Each structure stands twice: as C-alpha cells, then as structure tokens.
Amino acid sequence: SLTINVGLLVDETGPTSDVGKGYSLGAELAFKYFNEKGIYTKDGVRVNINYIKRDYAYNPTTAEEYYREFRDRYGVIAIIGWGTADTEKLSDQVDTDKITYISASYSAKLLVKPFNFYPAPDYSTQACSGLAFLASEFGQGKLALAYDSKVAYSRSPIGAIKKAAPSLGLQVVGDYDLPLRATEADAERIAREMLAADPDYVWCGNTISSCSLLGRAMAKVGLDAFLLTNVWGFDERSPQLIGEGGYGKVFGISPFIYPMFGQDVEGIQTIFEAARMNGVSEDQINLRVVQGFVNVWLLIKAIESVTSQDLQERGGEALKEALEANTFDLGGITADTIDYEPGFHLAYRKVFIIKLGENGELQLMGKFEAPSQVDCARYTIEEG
C-alpha cells in the first residue's frame, strides 16, 4: 500500500570487500525478509521497500555519484551505507536533504550529525572498551597502534585511544603505518618495527585482511604480544587467516553476537529464517551478515514507529525523529539496547569480546565497557 525507496551502498569488490560482501548479503536478506513478512506503520498501512543496491568499491568519488543518483533519480528517504570517509563527507548533505543514513561506519564524528545513525557504539568507545578489557584482564602495559594513516576509517578512534590510554593504565609506545591493502611484506615490516619496542598489546584499526596478516606476522617474527582488533578486523575466518601462531593471543571486538554464540538469540534465529526463505545456506550466515541485517532492521523498526501520513509527508525526517524517540531491541543481537539522543546519537557503550582460543576455536569472553568517566566519543568529536 506504501512503497518507499531506500539506497544500499556497499563495497563488494573493493579494499573492504573482505567484510563488505557479507554485510551486503545480510542487508539484502533483511530487505527481502521484512518485505515478505510484512512491514506495517503504526496505523496498519503496509510498507514495501524498493531498495537500490550499488557497489561503490570504497571509492569516494563513486560514493558521491551514487548518493546523487539515490536522491535525484530515486528520491530515497533512507540509505543503508558503508565507509567512514564517504559517510562523513555526506553527513552534512544528508541533513540538508533529510535522508536517514544508517552506516556500517561507526565513526564518532557522526554522532552529532542529525540524520546519521548506527546500531553500535562509535569506534572510539568500542576501542576503549576493548582496551579496558585488555588492561583489566592482563594488566597495565605497553601498547602499539597499527593503522593506515591515510584512511579515515583506520584513523577514526586513534586520537581517543591516545587520550584515554593513560587513564586505562596503557602506555602508547608508537604508531605504525599498516596499509589497508597491506601485503604480507608490509605486515612483517610493521611487526618487526613493533618488535623493537616490545609492546605487551597491539591495536589494529584495519579490516580483517591486514589485521590477520599482522597477527600471523607477529607470531612469525617472534613478537609475543596480544592483538586486539576493531570489529571489522576479526570474525569467524580469523583462526584460519591468522593460523596456529596466533592461537590464544588475538581478540576481536563486536557490538553484535556472532551466530555461533547465538543459537538461542531471537535475532540470530530471525536471520536464519531469512536465509532459509531465500535459499542461502546456513554456513553462509556470519557476523558480517548480522551487521548488514541489523542496519536494515533498525530502519524497519523506525518505519513501524511512524504513521503512514508522517512517512508520506516528511519521509526521512519522520524516520529520523522515530529513531530519536524510541528504545530499540534487535532480537537481542546487540550488546545493549539502542537509544538515541537528539544531538548525540550514541546507541549504547558496551561490546562483546571474542578470543581466538588456544585450541584455535573462537571463545566468547563476555560484555565489556570502558570506564564511565572516559568520554571516548566526545574526544573524537572535538578533534581539530
């Protein structure tokens, strides 16, 4: 009875497609799932989502071209987006255009942008939560930071990590330039550079490809430090990508429960049903699929929170206001429920921590959160 247009901006072929492919699959699964099950406004009008998928391959020029297409050709009222650089670049424009923007980027810089949302803590709060886990579990010690200095995503929480680090009992010993498109040689060079400083802990801010190469290299060159990665740097593939050398010594952050730890989680079972209905094999359902699915689901919950009159008249603005006026639960997938403040869209703070176990199998550590007094988010926002 009502159809809305929604953009889906993904990286299926570029330098972040290691994690981007799964996200795209999960987002599409969610669109098809909720469309078929039935999406209803508060006054009971059915909503159909016509989604327009565009693989921009992490290319910032292409991102802006597809944005203009979404807006001008399709008149979308919402976009399910991707990269930190492009999401940040577009944030002021999406406010002007009144398009609700839900991103795979969890940049803290988005928190003050009125139309940007994501169902996770920002990257900095996530990072500081993971580092607090390290400090409390293994003690105070030396910390090296490995990230691509040229990539907005790789840089995002670095400033906040440096500011928060002393209060966490962590001494930052250096920054190390690991490319987003790191080769094995790049990873070994960085591991050998860090070895000279002998850190107890290593942070990596890149996607799973370079994070895993680094973990593997660290073990190969004899740097026996723990590796902690951001959410996009670690998943179900990590045991195989890092190898036996990293067993017992690598940790991943995730705001979302993995399917393998979520047999009894409603939202995980919702994804599994979506998979069955769309001919997707169960073994293709992973964390990346969850990350895509939950972004679409957050949009669905917003639509279910508005009247059809509101949706028709104010479009993306009706969706923004609904996201600000309600607490959301996505079938218990997220580490905490979702609640957004006008002017500060911080969904929640805590995260799950996952260990690459001694036996090579992934192990859930539990939920962890940075100290209450550490304003990780605002540290990053105030940068510059």
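From 1 onward, residues are counted along the sequence shown.
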item	value
Between 217-225 and 153-161 (mean CA B-factor, as deposited), the higher	217-225
Mean C-alpha B-factor comparison - 97-105 and 163-171, higher one	163-171
Most elevated Cα B-factor in the entry, residues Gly245, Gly292, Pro114, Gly130	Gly245
Maximum C-alpha temperature factor, selected from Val19, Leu25, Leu9, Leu364	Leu364
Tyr40 - which third its CA temperature factor falls in, relative to the rest of the chain	highest
Chain-wide C-alpha B factor ranking for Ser305, given as lowest, middle or highest third	highest
Cα B factor band for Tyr176 (lowest, middle or highest third within the chain)	middle
CA B-factor placement of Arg288, once the chain's modelled residues are sorted into thirds	lowest
For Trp297, the third of its chain into which the C-alpha B factor falls	lowest
